[PDB]
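Novice: This one is an experimental structure. Sequence first:
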Amino acid sequence: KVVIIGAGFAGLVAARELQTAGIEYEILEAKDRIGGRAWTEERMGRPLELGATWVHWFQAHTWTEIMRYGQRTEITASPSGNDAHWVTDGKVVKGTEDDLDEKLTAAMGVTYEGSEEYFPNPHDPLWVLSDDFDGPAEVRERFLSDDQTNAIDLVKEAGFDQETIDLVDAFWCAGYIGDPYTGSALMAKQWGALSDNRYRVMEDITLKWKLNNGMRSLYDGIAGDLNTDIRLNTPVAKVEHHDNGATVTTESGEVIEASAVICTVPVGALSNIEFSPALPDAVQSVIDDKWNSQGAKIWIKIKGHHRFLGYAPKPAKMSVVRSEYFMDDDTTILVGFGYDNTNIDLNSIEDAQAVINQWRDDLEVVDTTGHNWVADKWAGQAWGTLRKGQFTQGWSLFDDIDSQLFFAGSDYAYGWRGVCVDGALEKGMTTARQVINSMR
Ligand SMILES: Cc1cc2nc3c(=O)[nH]c(=O)nc-3n(C[C@H](O)[C@H](O)[C@H](O)COP(=O)(O)OP(=O)(O)OC[C@H]3O[C@@H](n4cnc5c(N)ncnc54)[C@H](O)[C@@H]3O)c2cc1C
Ligand SMILES: [NH3+]C[C@H](O)c1ccc(O)c(O)c1
């Protein structure tokens, strides 16, 4: 009689948590599959992550599931020591991956600058705005100003040259999965805080270790623990929510009474649902604006075995492209992240060739694939990233929804928010605990 909307990681881990506490639940999932924005799918000859890919043991929630479902030693590092290429002022520069990492390390020093003052506990991201805050008033003022500054402007204002600016532009096109110039720099500062304020650790956590058996080894693991069947192909159309109960209506018109609703539908898809009473205005403002997640992820297959890394600034079709798999038919599969889903067809060989042509003339695309999450009505976004102002007046507003309507999902997590499965596992579990505590 707790209704969980969505069978992504947040909904699945919430259901398992309620099951432990002996609370009845049902998961309603719009699609014919579980996993949500994590999706391991056979494409181009091997299982590919169409959404979530990388993990690390410094991600508490993800790592606990990894060792729980038998994947402790089933991780492999992405290719390193690639030949690096970056576009600066319309020109392609060649260098080593070490050259590029060294430039990004210098830029991150400035990008992280106030993280030690803001985030002594990196899992208390709004401590500076708390009544417990005991630092100088100027730290609070800089904190609020940093929510209105993008991460590239920090590097420009520090006097870095155009080559570094173009590299950081490319880097945050990928990191903010859209337009980095509309983003909040506090997101980047918290990533630093969660990564011991070191670029190499941040990259080790977010872009290095892949699951050999895919994200599906974790979400199928959680689903396999559930004693209540998930209702697939059952989109929720309406949520009524009050002080002591709730009512969910599906698109087919079926009405389901509930003691509480845990809604894991992302902001990009919340407009599909009618809420009664209406969601708070501050929450509605975030839904209208959306997150700063408008980009896309591609998998490109080229002829030959090539150790390749490419960076290119906005408005490139793809801003970061890296070799990931070397296939037996003498081809390489590369992964790419781009800032604008509408400027690339992830399944067009000509478009993928244009991506590769950003850096090389000689490499030939023979296949390409991807899922455009932004054009997917049940997602409407890639991973959640913050526009200006959304660090302090965005993700945290979804907590109180007065009633028995709780929002859970990676996009509302305290820690690795939006960008990581860790945040979905965090917030699905803690939201289930809110429901557990209320009932106890
Ligand atoms: C391209 C991409 C790459 C990523 N790479 C990584 C990575 O390398 N590492 C990492 O840790 N994380 C990565 N992530 C992040 C990770 O995928 C997310 O943080 C996490 O999967 C989100 O889980 P969630 O449960 O919060 O939401 P979701 O997975 O979005 O789950 C919500 C569910 O609700 C369903 N739903 C929507 N509307 C309705 C409705 N009306 N009725 C019923 N059901 C509905 C959806 O179909 C979905 O199943 C990536 C994300 C993307 C988009
Ligand atoms: N899935 C994308 C992943 O979160 C990512 C990709 C490129 C980055 O520069 C990054 O910080 C994160």
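Specialist: Perfect, I can see it now. Numbering: from 1, shown residues only. Ligands and ions are numbered 1, 2, ... in the order given.
Novice: Contact residues of this structure facing ligand 1?
Specialist: Contacts of the chain with ligand 1, taken as C-beta under 6 Å from any ligand atom, map to 5-11, 28-31, 36-38, 51-54, 235-236, 264-266, 269, 272-273, 297, 373, 378-379, 382-383, 409-410, 420-424. Where you see a C-beta, it was placed from the backbone N, CA and C, and this is true even at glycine.
Novice: ok, of those, which come out buried?
Specialist: Among the residues of the chain next to ligand 1, those classed as buried by neighbour count (16 or more other C-beta atoms under 10 Å) are 5-11, 28-31, 36-38, 51-54, 235-236, 264-266, 269, 273, 297, 373, 378-379, 382-383, 409-410, 420-424.
Novice: From those residues, which land in helices?
Specialist: Among these, the residues falling in helices (DSSP state H) are 9, 10, 11, 421, 422, 423, 424.
Novice: contacting residues around the fourth one?
Specialist: Yep, that's residue 421 we're talking about. Contact analysis of residue 421 by C-beta atoms under 8 Å, 6 or more residues apart in numbering lists 9, 38, 52, 55, 59, 61, 62, 215, 218, 410.
Novice: hang on, the earlier thing: would you check which pair of the ones in helices among the buried ones among the residues of the chain next to ligand 1 lies furthest apart?
Specialist: Spatial extent of these (C-beta to C-beta) is set by the pair 11 and 422 at 15.6 Å.
Novice: Whichever strand or helix holds residue 63 packs against which elements?
Specialist: Assigned by DSSP states H and E, residue 63 belongs to helix 60-68. Helix 60-68 is packed against strand 54-55, helix 216-225, helix 421-439, with contacts defined by 3 or more C-beta pairs under 8 Å, 6 or more residues apart in numbering; DSSP states H and E.
Novice: Go again with 10 Å.
Specialist: Helices and strands touching helix 60-68, by 3 or more C-beta pairs under 10 Å, 6 or more residues apart in numbering; DSSP states H and E, are helix 9-20, strand 54-55, strand 209-211, helix 216-225, helix 421-439.
Novice: tell me which strands and helices the fourth one is in contact with?
Specialist: Packing contacts for helix 216-225, counted by 3+ C-beta pairs under 10 Å, 6+ apart, involve helix 9-20, strand 40-43, helix 60-68, helix 421-439.
Novice: quick check, the third one touching ligand 2?
Specialist: No - taking C-beta under 6 Å from any ligand atom as the criterion, helix 60-68 and ligand 2 are apart, separated by no less than 13.0 Å.
Novice: List the neighbours of that helix that are in contact with it.
Specialist: 9, 12-13, 16, 52, 54-57, 59, 71-75, 123, 205, 209, 211, 215, 217-219, 221-222, 225, 413, 415-416, 420-430 (C-beta atoms under 10 Å, 6 or more residues apart in numbering).
Novice: cool, and stretch 126-143?
Specialist: Contacts for stretch 126-143 (C-beta under 10 Å, 6+ apart): 113-114, 117-121, 124, 144, 146, 149, 186, 189, 391-392, 395-396, 414.
Novice: which of these are buried?
Specialist: 113-114, 117-119, 144, 146, 149, 186, 189, 391-392, 395-396, 414.
Novice: Give me the domain ranges for this structure.
Specialist: Per the record, the chain has its domains at 1-78+206-290+384-440, 79-205+291-383, by curated CATH domains.
Novice: who does residue 297 bridge with?
Specialist: For residue 297, the beta-bridge partners are residue 337 (DSSP bridges).
Novice: How many residues are close by residue 104?
Specialist: Residue 104 sits with 21 neighbouring residues when counted by other C-beta atoms under 10 Å.
Novice: For stretch 339-353, buried residues please.
Specialist: So for stretch 339-353, counting by 16+ other C-beta under 10 Å, buried means 339, 340, 341, 344, 345, 346, 347, 351, 352, 353.
Novice: how near is the nearest residue to residue 379 once chain neighbours are set aside to residue 174?
Specialist: Spatially, and ignoring its direct neighbours in sequence, residue 379 is nearest to residue 373 (4.4 Å; C-beta to C-beta, 6 or more residues apart in numbering). Applying C-beta to C-beta, to the nearest Å, the value for residue 373 to residue 174 is 15 Å.
Novice: Likewise for residue 21?
Specialist: From residue 21 to residue 174 the distance is 39 Å (C-beta to C-beta).
Novice: before we move on, what about residue 186?
Specialist: Distance from residue 186 to residue 174, by C-beta to C-beta: 18 Å.
Novice: which one of the buried ones among the contacts of stretch 126-143 is nearest residue 322?
Specialist: Of the buried ones among the contacts of stretch 126-143, the one sitting nearest to residue 322 (C-beta to C-beta) turns out to be residue 189, at 24.6 Å.
Novice: So that closest one versus residue 286, what's the distance?
Specialist: 20 Å.
Novice: interface residues of the stretch 251-400 of the chain facing ligand 2?
Specialist: Looking at ligand 2, the residues of the stretch 251-400 of the chain close enough under C-beta under 6 Å from any ligand atom are 297, 320, 337.
Novice: Let's see that with 8 Å instead.
Specialist: Residues of the stretch 251-400 of the chain lying close to ligand 2 by C-beta under 8 Å from any ligand atom are 297, 320, 337, 382, 383.
Novice: Verify the stated contact: the first one with residue 319.
Specialist: Which is residue 297. No - if you go by C-beta atoms under 10 Å, residue 297 and residue 319 don't touch, sitting 11.3 Å apart.
Novice: anything in contact with each of the two?
Specialist: Joint contacts of residue 297 and residue 319 (C-beta under 10 Å, 6+ apart) are 174, 177, 336, 337, 338.
Novice: Just give the nearest non-adjacent residue to the last one, would you?
Specialist: What that stands for is residue 338. Counting by C-beta to C-beta, 6+ apart, the residue nearest residue 338 is residue 318, at 4.2 Å.
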